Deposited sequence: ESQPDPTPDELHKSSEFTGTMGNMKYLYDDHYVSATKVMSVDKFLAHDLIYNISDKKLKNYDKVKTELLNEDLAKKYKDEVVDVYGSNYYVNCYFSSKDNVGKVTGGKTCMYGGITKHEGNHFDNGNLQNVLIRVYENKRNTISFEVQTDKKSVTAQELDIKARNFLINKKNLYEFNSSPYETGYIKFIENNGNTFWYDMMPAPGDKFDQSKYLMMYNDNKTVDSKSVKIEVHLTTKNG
């Protein structure tokens, strides 16, 4: 559990990344994979599961490989009926069986068991997010989930998705914010955060970024606290 908060000279600065924040934008703007009661159909490497998940929308994929931190986590979820929710990328994505193209996408984590994970009533405790702009708490909004034990990733995607649209969190060129991290605070005081900005240099490696989600970290939707901490660029 508990991991400190960000050190100043540690956080990523958008002015140090120089290769289309749009490429970072693609991952959170109305972009994700959602599966309702799927069981692993196959596996490429020891730590991943391949689900036969079709593109409910415009069919860009029929196979989703999601990687987990290791084989012990993969063991635990293979055989299980699961609801899936993550962010995908095609870029540097896999090579399954050699025995069967149009419809191969990748993910990290995003697995939740279907049995006992939904509320008796609708989208419950639909989680509140406190946003901080230059230390000040300026806006607060609610994202909603339907699972009692949801992945940190799901709340992250929905959080950023809102931030992109109403706060222009990410532009296609660069970003109005220099730094930013999303901090999750659990009922027990467990604290853990993710950096929202890309590593320095031109290009952005999507798979290396999303990789932080492979631990398959879940939280409780009734009790989790989320605060995102941004900072503006000067002019």
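- In this chain the deposited sequence has one gap in the coordinates, at 101-104.
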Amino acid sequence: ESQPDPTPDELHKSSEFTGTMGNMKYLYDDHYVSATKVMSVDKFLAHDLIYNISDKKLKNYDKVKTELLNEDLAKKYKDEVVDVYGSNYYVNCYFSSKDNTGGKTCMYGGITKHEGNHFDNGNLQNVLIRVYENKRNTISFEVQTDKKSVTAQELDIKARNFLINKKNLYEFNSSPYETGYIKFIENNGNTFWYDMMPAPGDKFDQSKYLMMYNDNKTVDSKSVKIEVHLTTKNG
From here on, numbers count along this sequence of modelled residues.
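Only the largest set of C-alpha atoms that superpose within 1.5 Å between the two forms is called the rigid core.
- Between stretches 193-201 and 53-61, greater average Cα displacement in 7 other deposited structures of this protein relative to the shown form, fitted by the core, falls on 53-61.
- Here the rigid core sets the fit, and in 7 other deposited structures of this protein the C-alphas of 89-97 stray farther than those of the other stretch, out of 112-120 and 89-97.
- The mean Cα B-factor in the deposited entry runs higher for 195-203 than for the other of 178-186 and 195-203.
- Taking only CA atoms, the mean B-factor in the PDB entry is higher for 119-127 than for the other of 119-127 and 101-109.
- Remark: of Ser34, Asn173, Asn52, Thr66, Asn52 shows the highest value [criterion: C-alpha B-factor in the PDB entry].
- Set against one another, the Cα B-factors of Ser149, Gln144, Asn134, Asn88 in the record reach their highest point at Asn134.
- Among all modelled residues in its chain, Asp9 ranks in the highest third by Cα B-factor.
- Annotation for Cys93: CA B-factor lies in the highest third of the chain's modelled residues.
- Per the deposited record, the Cα B-factor of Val38 falls in the middle third when ranked against the other modelled residues of its chain.
- Per the deposited record, the Cα B-factor of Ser140 falls in the middle third when ranked against the other modelled residues of its chain.
- Ranked by C-alpha B-factor against the other modelled residues of its chain, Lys76 falls in the highest third.
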